[PDB]
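What follows is each chain in one-letter form.
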Amino acid sequence: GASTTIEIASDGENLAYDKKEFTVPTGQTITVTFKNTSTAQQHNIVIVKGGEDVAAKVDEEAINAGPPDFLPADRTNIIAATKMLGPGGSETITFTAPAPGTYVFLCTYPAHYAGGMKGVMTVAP
Ligand SMILES: [Cu+]
């Protein structure tokens, strides 16, 4: 089920992605295209280096960091991230898949993570 090309989008106007999981192969170049399909909301996708603990810390850094991108100053805990996309915006990010394991992805727009806008990237060995 592992793929090197991933398409993901917001679930219309809801605080969710259209996928809560996807699998990628370790050590290979991954392409992820994220589409903000909402009418009036801002979304990104941020893939963190770890699980729910790392995601919570990033999410907190993000809200402190503020607009327009709501990302921490550096990517020490971030595998990859888009910019903060407007309604109808899309962005493709490229990264080398990290070590095999489970990696949380989330939207870091204020309240969106707590709102359920999250999932898991599984990296196959
Ligand atoms: Cu969002």
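Residues numbered from 1 in each chain as written, not as in the entry; some residues may be left out. Heavy atoms only, no water.

As stated in the entry header, the method of structure determination is X-ray crystallography and the reported resolution is 2.0000 Å.

Enquirer: Break down the sheet that holds strand β7 (residues 101-106) for me, citing the residues and quoting the values.
Expert: Reading across from one edge, β2-β8-β7-β4-β5 is the order of the five strands in this open sheet, with mixed pairing throughout. Each having just a single partner strand, β2 (21-25) and β5 (78-81) make up the two edges of the open sheet. The sheet shows a mean angle of 25° between the axes of neighbouring strands, direction not considered. Pairing of strand β4 (residues 46-48) with β5, which is carried by three bridges, proceeds in the antiparallel orientation. (Pairing = 2+ DSSP bridges. Helix = DSSP H or I, 4+ residues; strand = E, 2+ residues; numbered from the N terminus. Axes fitted to C-alpha atoms, helices over the stretch in contact; angles between N-to-C directions.)

Enquirer: Account for the environment of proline 87, naming residues and giving values.
Expert: Checked against the element boundaries, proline 87 lands in the loop between β5 and β6 (90-96). Taking C-alpha positions, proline 87 is 5.6 Å from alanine 40, a pair spaced 47 residues apart along the chain. Filtering out sequence-adjacent residues up to four positions away, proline 87 remains in contact with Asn36, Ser38, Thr39, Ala40 and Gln41. (Contact = heavy atoms within 4.5 Å.)

Enquirer: Any chance you could break down the UniProt feature "binding site: Cu(+)" (unreviewed entry) in the chain for me, citing the residues and the numbers?
Expert: Those residues carrying the UniProt feature "binding site: Cu(+)" (unreviewed entry) are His43, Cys107 and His112 in this numbering. Annotated residues spanning 70 residues; largest pairwise C-alpha distance 8.4 Å, indicating a single compact cluster. Mapped onto the elements, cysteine 107 comes out in the loop between β7 and β8 (118-124). Aside from chain neighbours lying at most four places away, what touches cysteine 107 is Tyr17, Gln42, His43, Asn44, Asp59, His112, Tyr113 and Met117. Following the sequence through the fold, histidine 112 ends up in the loop between β7 and β8. Contact partners of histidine 112, with chain neighbours within four places excluded, come to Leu15, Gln41, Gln42, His43, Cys107 and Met117. Here the side chain of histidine 112 touches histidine 43 through a polar contact of 3.2 Å, side chain to side chain. (UniProt positions renumbered as here; feature names shortened; annotations may be inferred. Polar contact = N/O pair within 3.5 Å; in protein donor to acceptor, adjacent residues only side chain to side chain.)

Enquirer: Break down the coordination of the copper ion for me, with residues and values.
Expert: Around the copper ion, the protein contributes the donor atoms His43 (ND1), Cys107 (SG) and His112 (ND1), which lie 2.0 to 2.2 Å from the metal centre. When the donors of the copper ion are listed by position in the chain, the intervening gaps give H-x63-C-x4-H. Highlighted residues: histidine 43 in the loop between β3 (29-35) and β4 and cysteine 107 in the loop between β7 and β8, separated in sequence by 64 residues. Just as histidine 43 is buried, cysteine 107 falls in that class too. (Donors = N, O, S within 2.8 Å, 3.2 Å for Na, K, Ca; no water. Buried < 20%, exposed > 50% of the residue type's maximum accessible area, 1.4 Å probe, protein only.)

Enquirer: Got a sec to walk through the packing of aromatic side chains? Specific residues and values, please.
Expert: Per the counting criterion, the structure on display carries four aromatic pairs. Summarising the aromatic geometry, the rings of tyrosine 17 and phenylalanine 105 are spaced 5.4 Å apart at their centres and angled 70° between planes, so their arrangement reads as edge-to-face. With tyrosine 17 in the loop between β1 (5-9) and β2 and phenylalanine 105 in strand β7, this pair connects stretches of sequence that are 88 residues apart. Note on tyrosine 17: relative accessible area 7%, which makes it buried. (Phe/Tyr/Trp six-rings, centres within 6.5 Å; stacked < 30°, edge-to-face > 60°.)

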